[PDB]
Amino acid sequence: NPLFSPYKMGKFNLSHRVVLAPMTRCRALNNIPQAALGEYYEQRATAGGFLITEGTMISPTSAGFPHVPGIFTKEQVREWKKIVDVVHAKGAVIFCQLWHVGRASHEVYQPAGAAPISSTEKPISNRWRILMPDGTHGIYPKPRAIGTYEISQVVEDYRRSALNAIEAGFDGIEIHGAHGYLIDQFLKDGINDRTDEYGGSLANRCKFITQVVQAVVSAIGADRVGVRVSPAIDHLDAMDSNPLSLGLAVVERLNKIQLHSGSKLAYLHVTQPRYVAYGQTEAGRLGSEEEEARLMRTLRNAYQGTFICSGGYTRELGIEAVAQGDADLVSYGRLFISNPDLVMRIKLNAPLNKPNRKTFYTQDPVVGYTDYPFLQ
């Protein structure tokens, strides 16, 4: 089982290749990490295993979900430190994902009910919904387009949050530049309609993610920085006219950052689109995902360093990805929600608990969070 051959991710000697994908769960009440998070990440930590936290706020304006943790205040840092200590006690490596939603927010999540910030004034269309604090679904409002100065302040929020994560004891951070959030709002030409030096060409559209990565690399070192992107996922109207070209341009910037810094990043993390097959249709189970596979392998071949694949991976797909050289590490999301001992279940090819979507984003510290059972 190639998922359990050790892997050297920089200085980290990982004992297996099963990674906990970053997953918003909304148990960090009032943006403060709670004890439930410690019990949740401890359940899933393994000796030599790699974990990535839920997306974490970098500033008071970065949230678009209720009760997501932040790491921009010293109070949040003190509470994160307790969680890192229990994860490290089990011998696991853990990175904190730094998350800014950009236009994917609502006035209810913004200080003084202000507008969410973005690269554009275009809102997300009504084909997408936002989760409101009372559990209902809301409409994304019109965002405010930020200028160069404010862009450098958002970059500074990433750098201070990166420093705060290191103060908390995290082994590194991951930049959330995927899924149509703030960084992806500059990357995707279906969103970025700017005419200044941050819009238009591929080079200008990659300027914001280059500035973010370069700032955190200059603050804590390239070895402690992972980068997550999703060029071929159009979540929240985040489409690009040539996703492979965009992905390759991003990879080129990362290779250049590594060359100028003289050090490699921790990894490149890419989520792929994963069209579920329709067993109720005539030809739903006849299609192949080979074009999506070629795009992921192209990005992997283009990037000089560790590659983590994600999105709809099973035990079989994860084994196949590592065995064929398509990826070094495989991150699991939904199956890791419902299986605290997912690594052991994958090791043993054991049955997997089904995830209950109704409790993905509720606030209970136990129900649907830490009460998923272990193997008997």
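Residues carry their position along the shown sequence, with the first being 1.
For the two regions 62-70 and 341-349, the entry's Cα B-factors average higher over 341-349.
Per the PDB record, of the two stretches 177-185 and 290-298, 290-298 carries the greater mean B-factor over its C-alpha atoms. Highest CA B-factor among the listed residues (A92, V212, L246, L265): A92. Between the residues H269, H106, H100, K122, the entry's highest C-alpha temperature factor is the one at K122.
Ranked against the other modelled residues of its chain, the C-alpha B-factor of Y369 as given in the entry falls in the lowest third. Ranked by Cα temperature factor within the chain, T306 sits in the lowest third according to the deposited record.
For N356, the recorded CA temperature factor ranks within the middle third of the chain's modelled residues. Per-chain ranking of the deposited C-alpha B factor places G147 in the middle third. Looking at the C-alpha B-factors along this chain, the one for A321 belongs to the middle third.
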